[PDB]
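The structure under discussion appears below in the form of structure tokens.
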Amino acid sequence: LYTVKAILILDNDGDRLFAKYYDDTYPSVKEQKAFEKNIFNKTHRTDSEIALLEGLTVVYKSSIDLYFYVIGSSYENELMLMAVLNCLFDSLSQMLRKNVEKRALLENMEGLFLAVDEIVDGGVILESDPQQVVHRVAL
Amino acid sequence: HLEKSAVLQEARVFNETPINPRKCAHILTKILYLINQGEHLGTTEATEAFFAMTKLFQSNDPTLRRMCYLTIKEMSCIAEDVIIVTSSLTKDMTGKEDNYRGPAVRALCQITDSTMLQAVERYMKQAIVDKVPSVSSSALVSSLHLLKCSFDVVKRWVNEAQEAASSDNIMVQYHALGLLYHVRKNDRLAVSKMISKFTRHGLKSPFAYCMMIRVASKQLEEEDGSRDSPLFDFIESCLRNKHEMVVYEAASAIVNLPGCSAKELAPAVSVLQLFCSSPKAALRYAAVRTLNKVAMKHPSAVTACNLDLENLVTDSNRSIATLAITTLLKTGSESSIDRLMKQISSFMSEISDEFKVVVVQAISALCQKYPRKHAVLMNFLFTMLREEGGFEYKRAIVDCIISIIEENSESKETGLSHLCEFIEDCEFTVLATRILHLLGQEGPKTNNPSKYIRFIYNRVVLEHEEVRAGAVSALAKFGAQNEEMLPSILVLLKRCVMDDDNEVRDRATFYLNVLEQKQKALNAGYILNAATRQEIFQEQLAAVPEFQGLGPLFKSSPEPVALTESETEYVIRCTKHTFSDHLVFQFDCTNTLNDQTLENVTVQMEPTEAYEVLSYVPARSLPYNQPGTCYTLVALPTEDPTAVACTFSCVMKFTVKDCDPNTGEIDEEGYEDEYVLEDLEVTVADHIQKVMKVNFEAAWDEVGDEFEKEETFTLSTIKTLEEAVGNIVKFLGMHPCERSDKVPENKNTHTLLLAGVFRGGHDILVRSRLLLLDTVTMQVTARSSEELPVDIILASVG
Amino acid sequence: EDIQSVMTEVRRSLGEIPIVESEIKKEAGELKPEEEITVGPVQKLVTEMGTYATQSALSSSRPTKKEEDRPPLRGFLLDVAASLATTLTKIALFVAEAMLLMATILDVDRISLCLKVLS
């Protein structure tokens, strides 16, 4: 619910190759990096089952190559929240026939992008399951 | 990498017709990438880009249709024109590539404007409403950003508008409701009848449920009415399904028991607790911290041990580590187990999911439950704290020290003893600064001089001009106060301990020199650093000068009356004031609606039981949420039978003027309507001071002598005072007496011989002999030193 | 006055860290010459701009501390003959011109401006 501070897909070199601040109210590319730094540096590819930072939900994940960040508020249950996060790995994996890689990332961004807008759009998750998508999309 | 430049040049690619969707798309992609990564640039170029891009648009090249959406999408609350597409939007609108249509509208809406708003509208209406769920969704999202801006344009449509929200897809159903988050922001009543709709049907989206919960909950705090059945109803509903989140959600708030609900709910909860109890919902941790609150009830507590023991045991899962601290805390602990744990902790804390942070939080809680208190623990802890350490204690210390002060701890001798020592050989200059400052104030109120000195010397012992310096500064509050031996010696010491090292020399010299400069006693001082309540109201009232008599206020209102009921636009609370001569009703308020400001305001009162009516006063202007004063004035007749208790009839008159709150307008025109004004009744307690007599014996009789009226009733269906009692103590506001007041939850006989003095000076006196034979027959006397009161009391008491 | 002027000049020239209140105290002495030999309110104004500047900066925010103020005397320090002088100082605790100058100076504001320019 207009609830994504950003969803970022971050490299684990603290880099971010995706960020959409769906919702935002703080700025700076730097501050974004800084903010990123404290937490990323700290989580350092390691993640947690759950993590709350800022009273805010941090659901983040890692892949086998990439670090997934979503920032949200601990003010909206894990199970769902994760479900979207889950949705993110999985569909990308199946559809593409391949999940995220650094390589994958490097060849083309777009698909992520395409997906992303569809799934979520700002601080409101319009959707969180693949299938609909799968049919819906045909690129 | 990113950079704008290639691309602007590269815009000439637009010039080709032989292109591949891929080829261009990529180029398009490149620009978008710089940006996805981040870019910043000029409008001119953007505008240009548009044109350039825009330029291309023969095709339906589908792919082409998307990219632009993006592109455009990039611009929304910080845009550049709107018009250009327009055609293109319409083109979709008649044009069945369904798909496409939806993305485009959506961007526009942060970017929007009102004229242009006009545009979509008949259709739009349709459109939101239209067909396949998919399309409809697309429609929705679009508003919201426009809602930022506004959305009321929409809003209006509403009686009619909502009904379409009626759904047949889950996902959708969930969605409908948030828009209703703002809808319910707008309205509460609506919900209520509404709920019975929400309540009415079982729901689809777990998701839909959730918003309701918050809400539902939100409602509950003060009570969501007789949640009994609803709460219950709900209770199942939250309770089970195939979607976990609800059960949990419900669970955390709902406890209820300090000697309260625990019934089913504890079992269900237990099913859950246990069920969760290994990261099903790693959620479980948070809850214990507050969401599902714990501070227990006594047998209840004992039961809790096992669950906490699992976490305590497991030591893993970030979600686990946190959980360990809250559960243990909330439920509390025995000393003994702590011991086992201290060792566990010894390893654990450093990183064990990065335990230190949870722990600092835990620790902050520790400092609080014992902030220098269970000092033995504080010391055990202290030893341990320092010990287990790392370094990370310091941070904690900032809290801990603070805690100790909060108590203003008293096993300081010991507490301090540990602190002092350890800190010495637990280092960090920084801590010292803080503590110094505090200590600085405290000194000889807590004695133990030799020790304290003993310490102090040590603190200084350390090098640092700076470290040294603090002992002297702390000392000033101390010195000045002196202790169990200090003044003589205090004088001796500064002498005994002295230093060179220039600026360090200087510090000694200077303090001295400073010392040198004031009489040390003085030195220390500088450096170290009726005509009631209601009468006041008679005066407060006095600043006005339109009077037509007043007097001095005698007593004031026994109860202020809201003259407009609850949360009304013209919300009124009124207070009534009595003087020996006049009574003023001064009217307190919040011309409520931001709709209105009321102007040309005066207050009518029309009376039944006497007062001479001098004037109705109103406030000149009353804007929203802001007391202003209006008054109504009377002079009080005192020696008449029936002449100061009155009910007065109220009608509010005003010329009603509309507001723009943004920036208003205040103009001569606007038209009146008048609204009913609530009654004012005047009491026998706005006027009276309740008393004890100057001469009861005599007075008691005497008051009879001159004054006395009577009423008798014989009570045959009820043999209880109590009804009578409710009207009399309370109406008159006087004292029941002659040690003839008291009755337990029963009593055989009762007299109130009762007192206070009425306005206009003279007194109003009452004797109520209530007599129980076993019927009650009773003699009520009112006797008075004022004529108007005897008739009055008999009435008034009712 | 030569010394005073020099001090001001050097101060202007520096700016990039330090700590001294103590210094302030150090120049002043129990008594000392200041201004012509007296310019009263204007002189109160004199104390107000030179000191205020030091202060303006002071009022501004910090990184590493430089020293937490204990300028209680600082206050008298700014405001038969000796007795009279003391009384005057207490009361305080051309003149118009000095005040205006101080206001203009009022140096956190300057620092903020510099930061903005850099950005």
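Lettering and numbering for the structure tokens are positional, with chains as A, B, ... in the shown order, residues counted from 1 in each chain, and ligands counted from 1 in the shown order.
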
(request) Check every residue of chain C for an atom within 10 Å of chain B, counting only C-alpha atoms, and provide those that qualify as a PyMOL selection string. (result) chain C and resi 22+25-26+30+70-73

Would you write out those residues with C-alpha atoms, as a CSV table (one decimal), in the first residue's frame?
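Saved as again.csv:
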```csv
chain,number,residue,atom,x,y,z
C,22,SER,CA,40.3,30.3,28.1
C,25,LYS,CA,40.1,35.2,29.5
C,26,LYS,CA,43.8,35.3,28.9
C,30,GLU,CA,41.5,41.9,35.7
C,70,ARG,CA,31.7,26.8,31.3
C,71,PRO,CA,31.7,30.6,30.6
C,72,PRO,CA,29.6,31.5,33.6
C,73,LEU,CA,32.1,34.1,34.5
```

Contacts of residue 119 in chain A within 9 Å, only C-alpha atoms, excl. fewer than 3 positions in-chain, as a PDB file with N, CA and C atoms, in the first residue's frame:
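What landed in part_11.pdb:
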```pdb
ATOM      1  N   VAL A  84       5.779 -11.814  -2.182  1.00  0.00           N
ATOM      2  CA  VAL A  84       6.168 -11.048  -3.311  1.00  0.00           C
ATOM      3  C   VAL A  84       7.599 -11.220  -3.642  1.00  0.00           C
ATOM      4  N   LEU A  88       9.266 -12.776  -6.978  1.00  0.00           N
ATOM      5  CA  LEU A  88      10.333 -12.186  -7.715  1.00  0.00           C
ATOM      6  C   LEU A  88      11.371 -13.180  -8.134  1.00  0.00           C
ATOM      7  N   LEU A 114      10.622  -4.905 -16.774  1.00  0.00           N
ATOM      8  CA  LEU A 114       9.345  -5.141 -17.328  1.00  0.00           C
ATOM      9  C   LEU A 114       8.509  -5.748 -16.293  1.00  0.00           C
ATOM     10  N   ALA A 115       9.093  -6.680 -15.592  1.00  0.00           N
ATOM     11  CA  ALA A 115       8.418  -7.419 -14.621  1.00  0.00           C
ATOM     12  C   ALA A 115       8.007  -6.563 -13.525  1.00  0.00           C
ATOM     13  N   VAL A 116       8.927  -5.717 -13.126  1.00  0.00           N
ATOM     14  CA  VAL A 116       8.854  -5.041 -11.903  1.00  0.00           C
ATOM     15  C   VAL A 116       7.722  -4.144 -11.897  1.00  0.00           C
ATOM     16  N   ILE A 125       1.312  -2.962  -3.988  1.00  0.00           N
ATOM     17  CA  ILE A 125       1.657  -4.079  -4.727  1.00  0.00           C
ATOM     18  C   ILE A 125       0.481  -4.425  -5.466  1.00  0.00           C
ATOM     19  N   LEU A 126       0.505  -4.177  -6.768  1.00  0.00           N
ATOM     20  CA  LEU A 126      -0.664  -4.553  -7.465  1.00  0.00           C
ATOM     21  C   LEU A 126      -0.817  -6.070  -7.511  1.00  0.00           C
ATOM     22  N   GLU A 127       0.297  -6.889  -7.622  1.00  0.00           N
ATOM     23  CA  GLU A 127       0.290  -8.377  -7.689  1.00  0.00           C
ATOM     24  C   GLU A 127       1.532  -9.101  -7.102  1.00  0.00           C
ATOM     25  N   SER A 128       1.480 -10.460  -6.847  1.00  0.00           N
ATOM     26  CA  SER A 128       2.538 -11.237  -6.179  1.00  0.00           C
ATOM     27  C   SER A 128       2.583 -12.712  -6.576  1.00  0.00           C
ATOM     28  N   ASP A 129       1.990 -13.127  -7.713  1.00  0.00           N
ATOM     29  CA  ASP A 129       2.048 -14.514  -8.093  1.00  0.00           C
ATOM     30  C   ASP A 129       2.503 -14.508  -9.511  1.00  0.00           C
ATOM     31  N   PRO A 130       3.180 -15.485 -10.042  1.00  0.00           N
ATOM     32  CA  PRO A 130       3.610 -15.434 -11.418  1.00  0.00           C
ATOM     33  C   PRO A 130       2.666 -15.578 -12.556  1.00  0.00           C
ATOM     34  N   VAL A 133       0.821 -13.279 -14.845  1.00  0.00           N
ATOM     35  CA  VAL A 133       1.881 -12.588 -15.411  1.00  0.00           C
ATOM     36  C   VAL A 133       2.329 -13.325 -16.542  1.00  0.00           C
TER      37      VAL A 133
END
```

(request) Give the residues of chain B that lie within 7 Å of chain A; count only C-alpha atoms, and format the answer as a list in words. (result) residues 36, 37, 245, 282, 283, 317, 318 and 319 of chain B

(request) Using DSSP on the backbone coordinates, identify all residues within range 135-366 of chain B classified as helix (DSSP H, G or I); present the result as a PyMOL selection string. (result) chain B and resi 135-149+152-155+158-165+170-186+189-198+206-220+228-239+245-254+265-276+284-291+298-303+305-314+318-331+335-348+355-366

For range 45-56 of chain C, find every residue with an atom within 7 Å (counting only C-alpha atoms), except residues of its own chain fewer than 5 positions away, and show them as a CSV table (one decimal) with N, CA, C and O atoms, in the first residue's frame.
```
chain,number,residue,atom,x,y,z
C,78,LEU,N,32.2,39.6,30.1
C,78,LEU,CA,31.7,40.5,29.1
C,78,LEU,C,31.2,41.8,29.7
C,78,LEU,O,31.6,42.9,29.3
C,95,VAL,N,27.5,53.1,19.9
C,95,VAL,CA,27.0,51.8,20.4
C,95,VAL,C,26.0,51.2,19.4
C,95,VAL,O,26.1,50.0,19.1
C,96,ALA,N,25.1,52.0,18.9
C,96,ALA,CA,24.1,51.5,17.9
C,96,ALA,C,24.8,50.9,16.7
C,96,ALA,O,24.4,49.8,16.3
C,98,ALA,N,27.8,49.6,16.5
C,98,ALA,CA,28.4,48.4,16.9
C,98,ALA,C,27.4,47.3,16.9
C,98,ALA,O,27.6,46.2,16.3
C,99,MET,N,26.2,47.5,17.5
C,99,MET,CA,25.1,46.6,17.5
C,99,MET,C,24.8,46.1,16.1
C,99,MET,O,24.6,44.9,15.9
C,101,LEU,N,26.5,46.2,13.4
C,101,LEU,CA,27.6,45.4,12.9
C,101,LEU,C,27.5,43.9,13.4
C,101,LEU,O,27.6,43.0,12.6
C,102,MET,N,27.3,43.8,14.7
C,102,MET,CA,27.2,42.5,15.3
C,102,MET,C,26.0,41.7,14.6
C,102,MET,O,26.2,40.5,14.3
C,105,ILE,N,27.0,40.4,11.2
C,105,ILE,CA,27.9,39.3,11.4
C,105,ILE,C,27.1,38.0,11.6
C,105,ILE,O,27.3,37.0,11.0
C,106,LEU,N,26.2,38.1,12.6
C,106,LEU,CA,25.3,36.9,12.9
C,106,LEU,C,24.6,36.4,11.7
C,106,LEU,O,24.6,35.2,11.4
C,107,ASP,N,30.5,31.5,13.4
C,107,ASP,CA,29.6,32.1,12.4
C,107,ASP,C,28.9,31.0,11.6
C,107,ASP,O,29.2,30.8,10.4
C,108,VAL,N,27.9,30.3,12.3
C,108,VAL,CA,27.2,29.2,11.7
C,108,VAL,C,26.6,29.7,10.4
C,108,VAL,O,26.7,28.9,9.4
```

(request) Mind giving me the straight-line distance from CA of residue 32 in chain A to CA of residue 62 in chain C in Å, one decimal? (result)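 CA of residue 62 in chain C lies at a distance of 23.7 Å from CA of residue 32 in chain A.
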
(message) Taking only range 32-128 of chain A into account, list the residues labelled strand (DSSP E) by DSSP (computed from the backbone), as an MDAnalysis selection string.
(response) chainID A and resid 51:53 56:62 67:71

(request) Fewer than 5 positions away in the same chain doesn't count, so skip those; otherwise give me all residues within 10 Å of residue 24 in chain C, counting only C-alpha atoms, as a PyMOL selection string. (result) chain C and resi 29+51+74+77

(message) Env of residue 14 in chain A: 10 Å cut, atoms = only C-alpha atoms, seq-sep filter 5 positions within chain, self excluded. Answer as number ranges by chain.
(response) A: 9, 33-34, 36-41, 44-45, 67

Written selection (C-alpha atoms) as a compact mmCIF listing (two decimals), in the first residue's frame:
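Resulting contents of selection21.txt:
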```
# COMPACT_ATOMS: atom_id res chain seq x y z
CA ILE A 9 18.39 -5.21 -6.51
CA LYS A 33 24.32 4.52 -1.02
CA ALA A 34 25.16 5.42 2.50
CA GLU A 36 22.77 1.12 1.78
CA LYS A 37 26.15 0.92 3.07
CA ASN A 38 25.36 0.60 6.65
CA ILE A 39 22.98 -2.11 6.15
CA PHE A 40 24.52 -3.84 3.20
CA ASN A 41 28.00 -3.78 4.53
CA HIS A 44 27.17 -8.53 3.58
CA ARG A 45 25.51 -11.04 1.33
CA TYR A 67 21.11 -9.24 -3.30
```

(request) Write out as a list in words the residues lying within 10 Å of residue 89 in chain C, counting only C-alpha atoms and excluding same-chain residues fewer than 5 positions away. (result)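 Within the cut-off, the hits are residues 44, 75, 76, 77, 78, 79, 83 and 84 of chain C.
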
(message) Just to confirm, what's the straight-line distance from CA of residue 619 in chain B to CA of residue 653 in chain B in Å (one decimal)?
(response)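 Here the two named atoms are 10.7 Å from each other.
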
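Using only C-alpha atoms, the shortest contact distance between residue 681 in chain B and any of B:748, B:408, B:488, B:575 is found at B:575.
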